[PDB]
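Notes follow the structure.
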Amino acid sequence: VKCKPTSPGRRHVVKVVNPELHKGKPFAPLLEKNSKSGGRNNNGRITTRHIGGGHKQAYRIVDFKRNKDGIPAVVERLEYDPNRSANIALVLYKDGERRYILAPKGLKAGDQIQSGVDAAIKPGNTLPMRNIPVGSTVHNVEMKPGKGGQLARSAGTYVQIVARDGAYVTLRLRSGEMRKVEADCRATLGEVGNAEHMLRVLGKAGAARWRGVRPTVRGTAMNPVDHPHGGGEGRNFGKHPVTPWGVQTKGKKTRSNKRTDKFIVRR
Amino acid sequence: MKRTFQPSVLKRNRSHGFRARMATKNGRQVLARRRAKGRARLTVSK
RNA sequence: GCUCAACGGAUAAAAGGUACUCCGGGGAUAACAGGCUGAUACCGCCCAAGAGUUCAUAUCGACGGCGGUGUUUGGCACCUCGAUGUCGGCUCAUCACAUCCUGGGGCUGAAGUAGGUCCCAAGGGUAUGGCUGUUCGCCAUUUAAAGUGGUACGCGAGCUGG
RNA sequence: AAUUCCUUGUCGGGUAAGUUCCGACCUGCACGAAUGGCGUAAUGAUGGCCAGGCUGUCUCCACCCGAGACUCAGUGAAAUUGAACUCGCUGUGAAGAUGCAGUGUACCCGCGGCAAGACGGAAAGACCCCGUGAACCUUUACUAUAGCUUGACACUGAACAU
RNA sequence: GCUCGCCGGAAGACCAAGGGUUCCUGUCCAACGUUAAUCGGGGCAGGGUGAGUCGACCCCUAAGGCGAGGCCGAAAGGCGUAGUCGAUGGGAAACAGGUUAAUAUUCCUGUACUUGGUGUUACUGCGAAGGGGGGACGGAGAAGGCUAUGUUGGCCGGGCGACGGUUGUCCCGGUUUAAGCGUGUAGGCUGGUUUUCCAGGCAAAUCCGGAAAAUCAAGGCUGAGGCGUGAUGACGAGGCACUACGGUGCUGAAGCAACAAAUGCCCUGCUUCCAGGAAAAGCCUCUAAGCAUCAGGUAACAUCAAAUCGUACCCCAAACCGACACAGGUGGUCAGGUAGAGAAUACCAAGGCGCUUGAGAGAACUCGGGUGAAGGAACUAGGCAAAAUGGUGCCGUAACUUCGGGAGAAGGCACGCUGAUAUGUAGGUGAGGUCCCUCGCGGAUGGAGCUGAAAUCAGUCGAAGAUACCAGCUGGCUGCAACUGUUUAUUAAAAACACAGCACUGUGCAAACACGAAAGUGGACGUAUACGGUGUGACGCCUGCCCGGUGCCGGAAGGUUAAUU
RNA sequence: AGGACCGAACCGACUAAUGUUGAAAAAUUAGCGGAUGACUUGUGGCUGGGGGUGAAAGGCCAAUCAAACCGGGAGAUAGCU
Ligand SMILES: [Mg+2]
Ligand SMILES: [Mg+2]
Ligand SMILES: [Mg+2]
Ligand SMILES: [Mg+2]
Ligand SMILES: [Mg+2]
Ligand SMILES: [Mg+2]
Ligand SMILES: [Mg+2]
Ligand SMILES: [Mg+2]
Ligand SMILES: [Mg+2]
Ligand SMILES: [Mg+2]
Ligand SMILES: [Mg+2]
Ligand SMILES: [Mg+2]
Ligand SMILES: [Mg+2]
Ligand SMILES: [Mg+2]
Ligand SMILES: [Mg+2]
Ligand SMILES: [Mg+2]
Ligand SMILES: [Mg+2]
Ligand SMILES: [Mg+2]
Ligand SMILES: [Mg+2]
Ligand SMILES: [Mg+2]
Ligand SMILES: [Mg+2]
Ligand SMILES: [Mg+2]
Ligand SMILES: [Mg+2]
Ligand SMILES: [Mg+2]
Ligand SMILES: [Mg+2]
Ligand SMILES: [Mg+2]
Ligand SMILES: [Mg+2]
Ligand SMILES: [Mg+2]
Ligand SMILES: [Mg+2]
Ligand SMILES: [Mg+2]
Ligand SMILES: [Mg+2]
Ligand SMILES: [Mg+2]
Ligand SMILES: [Mg+2]
Ligand SMILES: [Mg+2]
Ligand SMILES: [Mg+2]
Ligand SMILES: [Mg+2]
Ligand SMILES: [Mg+2]
Ligand SMILES: [Mg+2]
Ligand SMILES: [Mg+2]
Ligand SMILES: [Mg+2]
Ligand SMILES: [Mg+2]
Ligand SMILES: [Mg+2]
Ligand SMILES: [Mg+2]
Ligand SMILES: [Mg+2]
Ligand SMILES: [Mg+2]
Ligand SMILES: [Mg+2]
Ligand SMILES: [Mg+2]
Ligand SMILES: [Mg+2]
Ligand SMILES: [Mg+2]
Ligand SMILES: [Mg+2]
Ligand SMILES: [Mg+2]
């Protein structure tokens with residue numbers, strides 16, 4: 003914590019750690035545009051991505067891209083959205099249609115917010131990269147000019163472009179190094195999502211952790227047959243990967259597809 | 001304690017009972033292994 | 001043309017773990033206890049340089065010598081591997097004598113009192129605790145004394161399970 | 001010290017007496033910093049030690065109330081079992097004898113009780129060894145192989161430049 | 001048949017699951033009942049489960065299954081679009097008495113209700129596989145009101161008492177009564193309404209969504225219980241006749257008020273919180289194509305229809321899962337009195353039982369208990385097991401501490417009954433009388449009756465008053481692991497696994513990684529504050545030196561080097 | 001408020017005795033731990049054997065698990081009894 007406002011520290015009286023509340027989202031619950039979405043940890047056959055049980059789901063919610071151009075929206079209120087801590091926004095277009103957006107930073111009431119070409123550079127709506135200044139303030143881009151995915155993880159995520167980087171390809175995702183991309187693609191330009199979120203510590207397993215993910219921790223736990231390294235008196239030695247894949251360093255994804263980008267880390 | 005069995009006649013046929021048999025490949029054989037091969041008066045139920 | 005040297009030479013090419021274990025066999029083969037043996041051990045005796053003020057033998061005894069027992073440490077591998085359950089404790093014992101107490105004697109470097117040692121003697125008797133799984137041991141405090149040993153290192157179709 | 005073999009280390013404390021315990025020392029056989037190091041309030045059907053209370057846990061067992069055990073009537077099992085006319089002792093002996101030898105003792109048969117022997121009952125010993133037995137596991141053992149990864153050819157064409 | 005004892009959050013009652021005649025009657029006693037058996041869940045006969053409203057069918061969909069064509073794959077076959085199945089969930093309607101040897105919201109009586117067709121009447125725009133609304137949904141907590149229901153009184157019927165008193169102050173019993181119909185209340189929620197305009201709802205739409213204006217407010221939905229009606233009926237203690245001994249026909253009094261409750265109902269509510277809480281149909285509504293004096297729509301009533309299966313009995317057990325008439329296992333519902341915090345526990349109601357060998361005896365020894373002199377852990381591996389503590393209120397409480405705790409630390413004192421204060425008090429409940437008004441299950445003021453704790457004095461009984469059942473032993477030092485949790489079903493519950501936190505590493509999304517010959521799927525309808533893998537395991541102070549070896553990361557100039565030519 | 005505290009139902013199994021041809025192929029008796037939660041339970045569904053599932057014990061996958069059960073290759077092989 004360091005900014006406004008003051009984040010509770012949860013007064014330990016039961017072995018309980020701080021949480022991170024907001025203020026409100028004036029309506030404890032959604033609207034009419036949301037699905038149920040089933041929920042598994044099996045792939046229409048076996049386990050896979052082992053670990054993942056928790057409970058209570060539903061609540062799909064949606065909309066991205068923001069193809070709806072030159073037609074303004076008003077933000078009725080912020081709101082919730084599970085598994086993806088990054089708020090959400092709601093929005094109303096002058097014609098009575100209601101999407102959901104993705105709450106960037108400061109916003110709340112009214113707020114212009116409009117997509118289109120040369121709409122209005124600030125932190126409002128989407129906008130083809132073909133028209134973006136410093137863009138030191140860009141949001142969820144589109145790996146393809148039409149989709150609308152990329153970093154729907156608005157939770158304080160960045161993609162600072164480079165202002166007027168011509169050539170028709172640039173960008174600079176967060177820690178994901180840099181990677182050139184088209185320009186017809188659009189970006190919310192809000193460039194935020196309230197990072198203060200992802201800062202309080204879950205708490206103490208069950209009390210909040212268990213709700214979603216299971217005991218992902220397995221360690222060696224011995225039993226030289228279940229894991230590549232196990233057994234022994236009380237210790238383990240030897241290499242320590244997982245299914246002769248090697249866990250330390252390595253790297254994967256070969257000849258994949260694009261593979262046209264750059265910079266990246268190493269160590 | 002709780003012996004390994006319990007009841008349920010509605011959960012059984014959905015594992016054995018010609019619709020459960022004939023629906024499966026080798027399953028149609030199970031009836032032939034008895035009816036055709038053998039001579040079972042009747043064998044397919046809970 | 002081969003340290004095929006594991007040298008009559010299984011392949012051209014071959015390391016380990018199992019207390020997670022499994023099967024076929026063996027008392028043809030180890031572990032416990034029995035048995036054979038007694039080197040070792042323990043017990044005794046023979047010689048007598050020495051010590052004992054003096055004096056070999058009250059007491060002890062060098063260098064060496066002969067045995068008794070079956071009891072220690074061992075050797076063997078005869079009896080059990082189609083099962084003979086380990087140590088210690090509890091319970092309850094039974095025998096030996098190389099006797100711890102009590103009984104009777106000899107010598108004494110035995111005044112007395114108490115002892116030392118050897119002979120005889122098995123009737124009876126022969127500790128509670130602290131520490132430890134202990135047996136044992138050391139320690140506290142008793143006692144006339146707190147014996148050594150055999151009995152599958154007595155005793156689980158009798159108890160315990162440290 | 002959940003790590004120290006020597007080991008009951010040495011000193012201190014608690015005790016009448018403490019191979020355990022607590023506090024030290026350091027000589028760490030063979031601690032040690034995320035196969036984490038030193039602390040840590042709280043929690044613990046967790047290991048170790050001390051105390052108060054409490055008492056039959058014990059000195060040392062007594063009485064009593066019930067369910068069996070015993071007796072009668074009814075019903076009515078079990079494992080085991082080569083055959084029995086199925087005593088002790090010392091010796092013998094495939095090496096621990098009811099059955100052999102010598103000898104001692106013993107009228108025939110039940111009922112209730114006890115567990116010293118019938119190497120008592122039960123499971124073709126699980127320990128040990130062996131079989132050119134088995135299984136699962138390990139790896140820089142051997143030989144392979146899925147997967148990953150390299151390259152050529154190919155589905156794969158047209159232009160230009162150096 | 002009379003005693004006696006046992007259970008009673010059940011050892012009672014009901015149902016699901018499962019069972020599949022075990023139900024009732026008559027019979028018979030070989031086998032089966034751990035004995036006898038005239039008896040039975042045994043044998044042999046018969047009889048016995050009656051629905052428009054309960055359930056299944058049936059509409060609807062969840063997980064998931066199947067799957068035209070389709071995509072994959074040597075064959076078998078895998079996946080899956082439309083779509084079609086699939087409850088454990090959503091859709092419509094009945095109650096109370098009576099009756100059978102055994103059926104029962106199914107039969108009878110009394111009183112109702114739902115939906116569809118057809119018809120009559122009246123008024124009218126009807127119409128989807130479509131749009132909108134609605135169904136429709138979390139956890140936790142805090143009330144208020146109410147009912148179930150109990151208690152006391154009143155009323156009615158009955159008795160005056162094996163022994164001292166009770167013949168009006170008293171003892172016993174009863175005091176019940178449904179849906180449906182009218183009433184729209186304690187509360188809950190939400191501004192109505194009209195007009196016009198439109199880049200939205202795949203087309204349209206008056207509907208929903210958006211925008212403006214304009215006029216008023218006192219509305220409109222929802223809703224437990226209560227009160228009328230149902231019902232001068234039924235039921236009803238109890239009498240009278242008949243009895244087969246089980247029971248039968250008739251008759252039939254009072255049938256109210258006050259207080260006290262719920263975990264049930266208002267409550268799919270209200271408040272609040274983070275982990276942010278199915279779907280589809282019915283239902284309402286809007287229009288499309290189409291219809292176009294028609295058909296259809298709404299309402300009233302008249303009538304016809306509501307098919308077919310299940311229904312017996314066991315159901316925490318002698319009918320199910322355990323080979324048994326097995327001290328085990330098995331989901332839901334109901335929830336009386338005294339005492340009590342209470343679904344604890346004890347004694348009891350209604351109700352159900354004494355557990356299918358018994359009769360004596362009164363040894364050792366075995367099991368389960370009671371009491372023990374003096375001692376008091378000397379026992380022992382170890383206080384194992386016992387014994388012990390045990391309640392409410394109040395006083396009072398250490399190191400240490402993450403300031404929460406440690407803490408019921410420890411250790412104490414009072415508790416019964418009676419009188420009084422006060423004939424029942426404080427509190428709770430709330431009756432006419434009175435006051436007023438749109439108006440009424442109105443409001444206000446009045447405080448009768450009803451109910452009723454604690455405390456304080458004073459007195460009294462016993463050895464003892466938290467008297468029984470029930471019901472922490474406490475403290476001190478030290479190891480380990482932070483803590484709740486998890487584990488070897490059937491010898492290990494731990495210091496082990498997990499945990500939140502920390503770190504390394506990988507992954508740019510057709511992600512890494514995993515399942516899969518593939519298609520495809522999971523990861524994720526997520527996208528680096530994200531996902532995976534590895535190790536450490538709160539927190540505090542920290543985490544030193546070594547890159548020689550192996551592994552991994554970068555470079556890749558030069559050496560060596562495959563197929564290929 | 002709380003993986004908060006005492007404690008029934010419910011869930012679980014730390015201790016001792018009994019049972020060990022049992023009432024019982026893991027229970028009974030007296031104590032014992034959790035008891036709004038990583039809780040507990042009904043119904044139905046999905047993962048298949050070298051495979052599943054696993055808060056990890058080689059645990060569980062129908063009284064069976066260091067590789068389930070059934071049928072087959074099969075009269076496997078057995079220098080052993
Ligand atoms: Mg392990
Ligand atoms: Mg492995
Ligand atoms: Mg040779
Ligand atoms: Mg192991
Ligand atoms: Mg063997
Ligand atoms: Mg031999
Ligand atoms: Mg020997
Ligand atoms: Mg022998
Ligand atoms: Mg002698
Ligand atoms: Mg001693
Ligand atoms: Mg012995
Ligand atoms: Mg025994
Ligand atoms: Mg032991
Ligand atoms: Mg120490
Ligand atoms: Mg270490
Ligand atoms: Mg650690
Ligand atoms: Mg002899
Ligand atoms: Mg006996
Ligand atoms: Mg034997
Ligand atoms: Mg053998
Ligand atoms: Mg029959
Ligand atoms: Mg009957
Ligand atoms: Mg019968
Ligand atoms: Mg399919
Ligand atoms: Mg359907
Ligand atoms: Mg259903
Ligand atoms: Mg009946
Ligand atoms: Mg009288
Ligand atoms: Mg019935
Ligand atoms: Mg059985
Ligand atoms: Mg019986
Ligand atoms: Mg006493
Ligand atoms: Mg002692
Ligand atoms: Mg002792
Ligand atoms: Mg105890
Ligand atoms: Mg007791
Ligand atoms: Mg220690
Ligand atoms: Mg722990
Ligand atoms: Mg715990
Ligand atoms: Mg176990
Ligand atoms: Mg255990
Ligand atoms: Mg660890
Ligand atoms: Mg380091
Ligand atoms: Mg709790
Ligand atoms: Mg118990
Ligand atoms: Mg509790
Ligand atoms: Mg199930
Ligand atoms: Mg099993
Ligand atoms: Mg087989
Ligand atoms: Mg063959
Ligand atoms: Mg054979």
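So the protein lines, in turn, are chains C and 2. Here the authors' numbering is used: the first residue of the first sequence is 3, the next is one more, and so on. Here the authors' numbering is used: the first residue of the second sequence is 1, the next is one more, and so on. All residues carry an ideal CB built from backbone N, CA and C; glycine is no exception.
Mind checking which residues open and close the alpha helix (DSSP H) that includes residue i?
i: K25 (chain 2); result: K25 to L31
Taking its Cβ as the centre, do 16 or more other Cβ atoms sit within 10 Å of residue i, making it buried, or is it exposed?
i: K206 (chain C); result: exposed
i: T190 (chain C); result: buried
i: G126 (chain C); result: buried
i: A40 (chain 2); result: exposed
i: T50 (chain C); result: exposed
i: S45 (chain 2); result: exposed
If you draw a straight line from the C-alpha of residue i to the C-alpha of residue j, how long is it?
i: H52 (chain C); j: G221 (chain C); result: 14 Å
i: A32 (chain 2); j: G40 (chain C); result: 40 Å
i: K2 (chain 2); j: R12 (chain 2); result: 19 Å
i: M131 (chain C); j: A91 (chain C); result: 22 Å
i: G168 (chain C); j: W212 (chain C); result: 48 Å
i: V19 (chain C); j: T251 (chain C); result: 33 Å
i: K182 (chain C); j: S156 (chain C); result: 20 Å
i: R42 (chain C); j: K4 (chain C); result: 38 Å
i: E99 (chain C); j: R14 (chain 2); result: 48 Å
i: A185 (chain C); j: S177 (chain C); result: 21 Å
i: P246 (chain C); j: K254 (chain C); result: 14 Å
i: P84 (chain C); j: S258 (chain C); result: 31 Å
i: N36 (chain C); j: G26 (chain C); result: 20 Å
i: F5 (chain 2); j: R21 (chain 2); result: 21 Å
i: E22 (chain C); j: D263 (chain C); result: 37 Å
Open item on the list: Contact between the segment 222-241 of chain C and the segment 64-75 of chain C is defined here as three or more beta-carbon pairs at a separation below 8 Å; is this criterion met?
Closed with: Not touching, per the Cβ criterion.
Open item on the list: Under 8 Å, with one C-beta from each stretch per pair, do the segment 188-199 of chain C and the segment 91-110 of chain C reach the 3-pair mark?
Closed with: Because the criterion of three Cβ pairs below 8 Å is met, the segment 188-199 of chain C and the segment 91-110 of chain C touch.
- [ ] Mind the definition here: the segment 238-245 of chain C touches the segment 79-88 of chain C only if three or more C-beta pairs lie below 8 Å; say whether that holds.
- [x] The segment 238-245 of chain C and the segment 79-88 of chain C do not touch, with fewer than 3 CB-CB distances between them shorter than 8 Å.
- [ ] Report the residue ranges of all alpha helix (DSSP H) runs contained in full by the segment 67-134 of chain C; include only those spanning at least 4 residues, in chain order.
- [x] With a minimum length of 4 residues, no continuous alpha helix (DSSP H) run stays inside the segment 67-134 of chain C.
Task: Entirely enclosed beta strand (DSSP E) segments - the segment 134-169 of chain C, minimum 3 residues - done: Counting only runs of 3 or more, we get nothing.
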